[PDB]
$ cat structure.txt   # compact mmCIF, C-alpha atoms
# COMPACT_ATOMS: atom_id res chain seq x y z
CA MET A 1 -59.45 105.89 6.10
CA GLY A 2 -58.05 104.60 9.42
CA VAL A 3 -58.72 108.03 10.98
CA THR A 4 -61.33 110.72 10.39
CA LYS A 5 -61.73 114.17 11.88
CA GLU A 6 -65.01 115.84 12.33
CA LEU A 7 -64.34 119.50 12.98
CA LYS A 8 -66.36 120.68 16.00
CA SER A 9 -64.89 124.15 16.54
CA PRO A 10 -62.46 125.97 14.18
CA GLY A 11 -58.84 126.66 15.10
CA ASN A 12 -56.80 129.60 13.76
CA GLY A 13 -56.34 127.88 10.43
CA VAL A 14 -52.72 128.79 9.81
CA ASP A 15 -50.69 127.13 12.52
CA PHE A 16 -50.72 123.39 11.98
CA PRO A 17 -48.39 120.88 13.68
CA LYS A 18 -45.75 119.43 11.36
CA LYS A 19 -43.71 116.36 12.22
CA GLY A 20 -41.48 116.43 15.30
CA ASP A 21 -43.52 119.30 16.69
CA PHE A 22 -44.27 119.18 20.38
CA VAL A 23 -48.01 118.96 20.65
CA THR A 24 -50.06 119.89 23.72
CA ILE A 25 -53.64 118.55 23.91
CA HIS A 26 -56.71 117.89 26.02
CA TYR A 27 -58.83 114.94 25.03
CA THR A 28 -61.36 112.32 26.06
CA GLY A 29 -61.59 108.89 24.42
CA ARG A 30 -64.60 106.58 24.36
CA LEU A 31 -65.52 103.25 22.83
CA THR A 32 -68.23 102.94 20.21
CA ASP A 33 -70.55 101.76 23.02
CA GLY A 34 -69.97 105.06 24.87
CA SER A 35 -67.54 104.13 27.64
CA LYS A 36 -64.98 106.77 28.53
CA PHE A 37 -61.64 104.97 28.56
CA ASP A 38 -59.23 107.91 29.13
CA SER A 39 -59.55 111.68 29.60
CA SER A 40 -56.82 114.28 30.07
CA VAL A 41 -59.65 116.72 30.77
CA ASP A 42 -60.86 114.91 33.88
CA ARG A 43 -57.30 114.80 35.27
CA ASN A 44 -56.62 118.44 34.39
CA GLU A 45 -53.26 117.21 33.15
CA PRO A 46 -52.90 118.40 29.53
CA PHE A 47 -51.09 115.76 27.49
CA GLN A 48 -47.87 116.68 25.77
CA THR A 49 -46.10 114.48 23.20
CA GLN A 50 -43.92 114.74 20.14
CA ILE A 51 -45.96 114.09 17.05
CA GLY A 52 -44.78 112.54 13.78
CA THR A 53 -42.40 110.35 15.78
CA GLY A 54 -44.74 107.53 16.64
CA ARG A 55 -44.93 108.07 20.37
CA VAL A 56 -48.71 107.84 20.16
CA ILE A 57 -51.23 105.68 18.28
CA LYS A 58 -51.02 106.00 14.50
CA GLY A 59 -54.50 107.56 14.29
CA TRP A 60 -53.21 110.32 16.55
CA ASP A 61 -49.90 110.83 14.77
CA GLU A 62 -51.68 110.99 11.48
CA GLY A 63 -54.83 112.84 12.58
CA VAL A 64 -53.61 115.63 14.87
CA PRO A 65 -51.49 117.52 12.40
CA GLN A 66 -54.62 118.32 10.39
CA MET A 67 -55.90 120.42 13.27
CA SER A 68 -54.87 124.08 13.46
CA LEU A 69 -54.00 125.71 16.77
CA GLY A 70 -57.04 125.97 19.06
CA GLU A 71 -59.20 123.66 16.99
CA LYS A 72 -61.71 121.32 18.63
CA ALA A 73 -62.31 118.14 16.64
CA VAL A 74 -63.21 114.47 17.15
CA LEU A 75 -60.96 111.66 15.94
CA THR A 76 -62.45 108.34 14.78
CA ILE A 77 -59.65 105.76 14.84
CA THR A 78 -60.13 102.25 13.51
CA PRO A 79 -58.52 99.40 15.39
CA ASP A 80 -55.98 99.36 12.58
CA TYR A 81 -54.70 102.83 13.50
CA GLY A 82 -55.54 102.15 17.15
CA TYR A 83 -54.53 99.42 19.58
CA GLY A 84 -54.95 96.70 16.96
CA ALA A 85 -56.43 93.27 17.55
CA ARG A 86 -54.42 93.00 20.74
CA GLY A 87 -55.85 96.06 22.43
CA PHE A 88 -54.88 97.43 25.83
CA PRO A 89 -56.53 95.00 28.22
CA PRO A 90 -59.27 95.65 30.67
CA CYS A 91 -59.85 99.12 29.27
CA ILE A 92 -59.62 98.67 25.48
CA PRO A 93 -60.77 95.37 24.06
CA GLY A 94 -59.07 94.15 20.91
CA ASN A 95 -60.35 95.41 17.57
CA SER A 96 -61.77 98.51 19.24
CA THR A 97 -62.70 101.64 17.31
CA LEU A 98 -61.81 104.82 19.21
CA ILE A 99 -63.58 108.15 19.49
CA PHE A 100 -61.40 110.95 20.90
CA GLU A 101 -62.60 114.47 21.56
CA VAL A 102 -59.47 116.54 20.98
CA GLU A 103 -58.37 120.11 21.67
CA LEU A 104 -55.09 121.49 20.43
CA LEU A 105 -53.71 123.89 23.08
CA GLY A 106 -50.25 124.49 21.67
CA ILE A 107 -47.64 123.71 19.13
CA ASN A 108 -44.14 123.76 20.58
CA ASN A 109 -43.88 127.13 22.29
CA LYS A 110 -47.20 128.38 20.82
CA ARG A 111 -50.50 128.69 22.74
CA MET B 1 -70.63 99.31 54.37
CA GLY B 2 -67.56 98.84 52.13
CA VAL B 3 -69.11 96.44 49.69
CA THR B 4 -72.91 96.10 49.29
CA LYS B 5 -74.71 93.27 47.52
CA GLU B 6 -77.96 93.28 45.56
CA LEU B 7 -79.10 89.74 44.79
CA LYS B 8 -80.66 89.89 41.33
CA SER B 9 -81.13 86.19 40.80
CA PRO B 10 -80.94 83.45 43.51
CA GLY B 11 -78.29 80.74 43.52
CA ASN B 12 -78.80 77.36 45.20
CA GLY B 13 -78.81 78.98 48.62
CA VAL B 14 -76.78 76.11 49.96
CA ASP B 15 -73.31 76.48 48.52
CA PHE B 16 -71.37 79.51 49.65
CA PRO B 17 -67.75 80.36 48.98
CA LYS B 18 -65.71 79.99 52.16
CA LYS B 19 -62.21 81.49 52.36
CA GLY B 20 -59.50 79.78 50.40
CA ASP B 21 -62.02 78.41 47.98
CA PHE B 22 -61.37 78.64 44.25
CA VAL B 23 -64.26 80.39 42.65
CA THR B 24 -65.31 80.60 38.98
CA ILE B 25 -67.36 83.58 37.83
CA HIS B 26 -68.54 85.82 35.01
CA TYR B 27 -68.43 89.53 35.67
CA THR B 28 -68.89 93.00 34.22
CA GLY B 29 -67.40 96.13 35.80
CA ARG B 30 -68.65 99.71 35.43
CA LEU B 31 -67.80 103.14 36.85
CA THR B 32 -70.52 105.23 38.44
CA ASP B 33 -70.99 106.99 35.09
CA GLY B 34 -72.05 103.80 33.31
CA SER B 35 -68.66 103.22 31.70
CA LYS B 36 -67.74 99.58 31.47
CA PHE B 37 -64.04 99.08 32.39
CA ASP B 38 -63.63 95.29 32.22
CA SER B 39 -65.98 92.34 31.46
CA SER B 40 -65.11 88.66 31.37
CA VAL B 41 -68.63 88.35 29.98
CA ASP B 42 -67.85 90.16 26.76
CA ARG B 43 -64.66 88.17 26.26
CA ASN B 44 -66.52 84.92 26.89
CA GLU B 45 -63.66 83.88 29.18
CA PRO B 46 -65.00 83.11 32.69
CA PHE B 47 -62.61 84.35 35.39
CA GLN B 48 -61.32 81.97 38.05
CA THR B 49 -59.56 82.83 41.29
CA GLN B 50 -59.09 82.05 44.98
CA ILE B 51 -61.37 84.15 47.14
CA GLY B 52 -60.20 84.82 50.69
CA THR B 53 -56.53 85.31 49.85
CA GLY B 54 -56.44 88.75 48.29
CA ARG B 55 -55.85 87.86 44.65
CA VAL B 56 -58.68 90.23 43.67
CA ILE B 57 -59.82 93.54 45.15
CA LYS B 58 -61.17 93.34 48.70
CA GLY B 59 -64.66 94.25 47.56
CA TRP B 60 -64.71 90.81 45.91
CA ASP B 61 -62.88 88.94 48.66
CA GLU B 62 -65.89 90.02 50.77
CA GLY B 63 -68.79 90.08 48.30
CA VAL B 64 -68.43 86.93 46.31
CA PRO B 65 -68.69 84.89 49.53
CA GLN B 66 -72.10 86.34 50.32
CA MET B 67 -73.33 84.80 47.07
CA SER B 68 -74.46 81.18 46.68
CA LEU B 69 -73.73 78.89 43.69
CA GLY B 70 -75.60 80.18 40.66
CA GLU B 71 -76.37 83.58 42.13
CA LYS B 72 -76.51 86.78 40.07
CA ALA B 73 -76.00 89.89 42.18
CA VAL B 74 -74.59 93.39 41.97
CA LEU B 75 -71.59 94.45 43.99
CA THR B 76 -71.14 98.11 44.97
CA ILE B 77 -67.60 98.73 46.12
CA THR B 78 -66.22 101.94 47.53
CA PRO B 79 -62.73 103.05 46.31
CA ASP B 80 -61.60 101.98 49.71
CA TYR B 81 -62.32 98.24 48.98
CA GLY B 82 -61.41 98.84 45.34
CA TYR B 83 -58.39 100.55 43.73
CA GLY B 84 -58.36 103.43 46.18
CA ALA B 85 -56.59 106.70 45.71
CA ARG B 86 -54.30 105.44 42.94
CA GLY B 87 -57.04 103.82 40.91
CA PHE B 88 -55.93 101.94 37.78
CA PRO B 89 -54.65 104.33 35.07
CA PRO B 90 -56.31 104.69 31.76
CA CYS B 91 -59.52 102.94 32.73
CA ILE B 92 -60.10 103.52 36.43
CA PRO B 93 -59.57 107.00 37.86
CA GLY B 94 -58.29 107.63 41.32
CA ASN B 95 -60.89 107.31 44.07
CA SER B 96 -63.55 105.49 42.05
CA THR B 97 -66.61 103.61 43.20
CA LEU B 98 -67.11 100.37 41.22
CA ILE B 99 -70.23 98.48 40.19
CA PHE B 100 -69.70 94.79 39.29
CA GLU B 101 -72.41 92.64 37.74
CA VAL B 102 -71.48 89.20 39.06
CA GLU B 103 -72.35 85.56 38.34
CA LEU B 104 -71.14 82.78 40.59
CA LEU B 105 -70.68 79.95 38.11
CA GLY B 106 -68.60 77.66 40.34
CA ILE B 107 -67.12 76.91 43.75
CA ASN B 108 -64.05 74.65 43.52
CA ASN B 109 -65.51 71.64 41.71
CA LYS B 110 -69.19 72.68 41.55
CA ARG B 111 -71.39 74.32 38.85

$ encode --input "structure.txt" --output "structure tokens"
Amino acid sequence: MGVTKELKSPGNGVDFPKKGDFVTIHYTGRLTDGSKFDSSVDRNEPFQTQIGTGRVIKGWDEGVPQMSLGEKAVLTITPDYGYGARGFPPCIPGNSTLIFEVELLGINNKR
Amino acid sequence: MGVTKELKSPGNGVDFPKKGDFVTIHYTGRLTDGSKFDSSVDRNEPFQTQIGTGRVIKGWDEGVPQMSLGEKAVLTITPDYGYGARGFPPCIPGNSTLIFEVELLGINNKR
């Protein structure tokens, strides 16, 4: 598909994020070539966002809710579920695949 | 000091960019961790700009002019002559040294 999760470390396996849930994550995204383009880990500023509401790239919206609380996975997002052909210039060229390490630290009030 | 050059390949050793010149070049930028953050070279869209007048980061304003027409060098630019404390979000963290591969394709009307 447009997004695929490799599971790297298992979450709790019951608590998954449904739509409109307020997700809290740490991540690091690279390009296929290996360049780190953004990392909430490096900034020690854990990213919070609402989920099924399209405030983040489709690959994220669609891919995160399949992680349970505490899970550590990797998201592979095709340009089509990413920043499209346009991209996010200097950082993310157009038609860029994305590889995010992702850690789910909380769903709404949960941690 | 602030920017350091490393001539990789010699230009014509006659034609140097003086201030207020319009330069044409082909560049690749990387963080100290090997991550490429921008590259006219990959876009195949050679960047053009005026040099002494602060329409690029200072590291360039002061490096590019040390190069002659045709030269390939490597600029090393401290955060201080770069993006400084703020950096450039997503791609370029705060307080980041930069390493630009640079090719001086043209000075005003020369190639």

$ residues_around --input "structure.txt" --residues "residue 67 of chain B" --least-positions-apart "2" --cutoff "12 Å" --atoms "all atoms listed in the file" --output "JSON, numbers by chain"
{"B": [4, 5, 6, 7, 8, 9, 10, 11, 12, 13, 14, 15, 16, 17, 18, 23, 25, 51, 60, 61, 62, 63, 64, 65, 69, 70, 71, 72, 73, 74, 75, 102, 103, 104, 105, 106, 107]}

$ interface_residues --input "structure.txt" --of "chain B" --to "chain A" --cutoff "8 Å" --atoms "only C-alpha atoms" --output "list in words"
residues 34, 35, 36, 37, 38, 39, 90 and 91 of chain B

$ atom_distance --input "structure.txt" --atom1 "atom CA of residue 59 of chain B" --atom2 "atom CA of residue 32 of chain A"
28.9 Å

$ closest_residue --input "structure.txt" --among "B:53, B:96, B:48, B:76" --to "residue 2 of chain B" --atoms "all atoms listed in the file"
B:76
